[PDB]
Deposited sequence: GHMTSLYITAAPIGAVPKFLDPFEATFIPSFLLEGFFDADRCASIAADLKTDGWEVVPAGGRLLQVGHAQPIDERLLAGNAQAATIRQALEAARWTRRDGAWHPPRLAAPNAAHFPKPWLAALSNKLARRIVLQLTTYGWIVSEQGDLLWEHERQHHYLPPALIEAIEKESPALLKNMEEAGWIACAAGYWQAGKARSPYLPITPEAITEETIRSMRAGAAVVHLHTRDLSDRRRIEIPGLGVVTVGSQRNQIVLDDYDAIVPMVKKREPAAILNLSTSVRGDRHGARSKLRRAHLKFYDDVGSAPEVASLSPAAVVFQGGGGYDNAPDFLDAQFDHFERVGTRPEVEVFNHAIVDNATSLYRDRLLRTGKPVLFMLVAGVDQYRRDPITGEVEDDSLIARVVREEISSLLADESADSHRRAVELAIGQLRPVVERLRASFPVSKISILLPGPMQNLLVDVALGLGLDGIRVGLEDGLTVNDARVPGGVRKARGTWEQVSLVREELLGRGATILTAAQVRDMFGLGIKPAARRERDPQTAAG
């Protein structure tokens, strides 16, 4: 039993959160120091960036954020709470860059901070433990009036979005055990600093998923200089930018890199429209795909078939089969399990479920994971394997020389190892692209923000080794895939 781990550090969806910026803007400073039109302008800019309106009742911990006009949260405090509340608090504070100590306490290890918790969280605390709320207030958590909150929804203070940060995370993820690194770039050109009197500076920006050629011209040679073994897997997705679905840009990063003596080893390829139930998908038309295949074959790049849906299973195993065989064996597949998908009827325009794990069953799996019992967990595993099994069998039957991996969205990654071994898969993918958390038994609630994709790689490797599995390295993977 040999598996290879894929690291996916960036992706399309999550965003970077600067743990040192303000996370609360009181309405009084905003309305107080701007004309109604520029006040409405900033407020609109903040909402776009994910800031949300909150009433009075929040608590703010501010230290050293002086704009004139305890960094501890101990385990016994979290232990006073239900597991759900403790988890909300731990996730919120680790999103803000607090860490879990070896004793299971939360700790902020810097001298300045501006960290806010919403009225709904505080009300929940007041109801479970008035003594805790008093303890927080004694530690310097102060009552707030209405204003604006940066939740950090799908955010992480460890998300790499620049060539330097991405190179570094790629290197750490490889040294932690990953053989393949799947990459995205982000467009950071719309970043503005908004200055608010009494508060300081808040930076806004979309961090939009986008193929950025200059970023790759930097990242690709930078990675290969330090870790020439790296098997780079470049995203060709235009999620977010659905107008670019036919564009040459979706293969322009897949070139021979002079500094490196090679084209990227791997690139994603989805042989059908990808229509997220959550919204924001992108087309992959037959004429576009023909051009992608011609190009991969020319520059020596192996497609990774992204199995988002049944349309793709069907297309890959019939029409595109010979093209996939031509681009090199083994043929590579990634099961995008747990992400709900539509298929659209082109004649009527109606959509129907086309997910690998049927939405109803995925919904059932998600509720089982929230019972958080071993019994429920077994059930969840059963259900996932049951949905995915025929897909895996179909792929195996059509491509006897193939490697299949699996990913799962954050709150489902507890299933990864069991499902992958249960299905006989060849590899597992983890990373901030898919999930932002790790389990940590030391802390109440047992869940916190991952310190990076490297950490998730390290945990999955560890769990795999204790199942007796063997982990392949990048050199082994490269040799055994002929890439």
When the deposited sequence is counted from residue 1, which ranges lack any model?
-> 1-3, 73-111, 526-542
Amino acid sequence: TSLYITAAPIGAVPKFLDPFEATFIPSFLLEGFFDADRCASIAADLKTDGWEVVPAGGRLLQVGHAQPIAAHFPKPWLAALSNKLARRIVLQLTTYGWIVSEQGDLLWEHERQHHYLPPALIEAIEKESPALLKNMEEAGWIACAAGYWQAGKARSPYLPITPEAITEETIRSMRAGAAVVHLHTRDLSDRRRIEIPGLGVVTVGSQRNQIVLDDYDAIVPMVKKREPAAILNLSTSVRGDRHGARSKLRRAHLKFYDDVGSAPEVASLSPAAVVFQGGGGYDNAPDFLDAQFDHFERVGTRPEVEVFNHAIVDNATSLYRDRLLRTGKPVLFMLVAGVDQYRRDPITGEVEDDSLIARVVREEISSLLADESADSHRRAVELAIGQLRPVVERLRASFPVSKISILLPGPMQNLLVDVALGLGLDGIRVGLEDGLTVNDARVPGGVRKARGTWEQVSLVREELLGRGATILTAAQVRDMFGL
From here on, numbers count along this sequence of modelled residues.
Compare the mean C-alpha B-factor of 7-15 with that of 455-463 as given in the PDB entry, and name the stretch with the higher value.
-> 455-463
Average Cα temperature factor in the PDB entry - higher stretch of 126-134, 334-342 | 126-134
According to the deposited entry, which of 411, 157, 286, 386 has the largest Cα B-factor?
-> 411
When you compare the CA B-factors of 219, 196, 358, 263 as listed in the entry, which one comes out on top?
-> 196
Within-chain third of residue 237 by Cα B-factor, per the entry | middle
Would you check the entry's CA temperature factor for residue 163 and let me know if it's in the chain's lowest, middle or highest third?
-> lowest
Consider only the C-alpha atoms of the modelled residues in this chain, order them by B-factor as the entry records it, and name the third containing residue 440: lowest, middle or highest.
-> middle
Using the B-factors in the PDB entry, rank residue 203's C-alpha atom against the chain and give the third, lowest, middle or highest.
-> highest
Would you check the entry's CA temperature factor for residue 76 and let me know if it's in the chain's lowest, middle or highest third?
-> middle
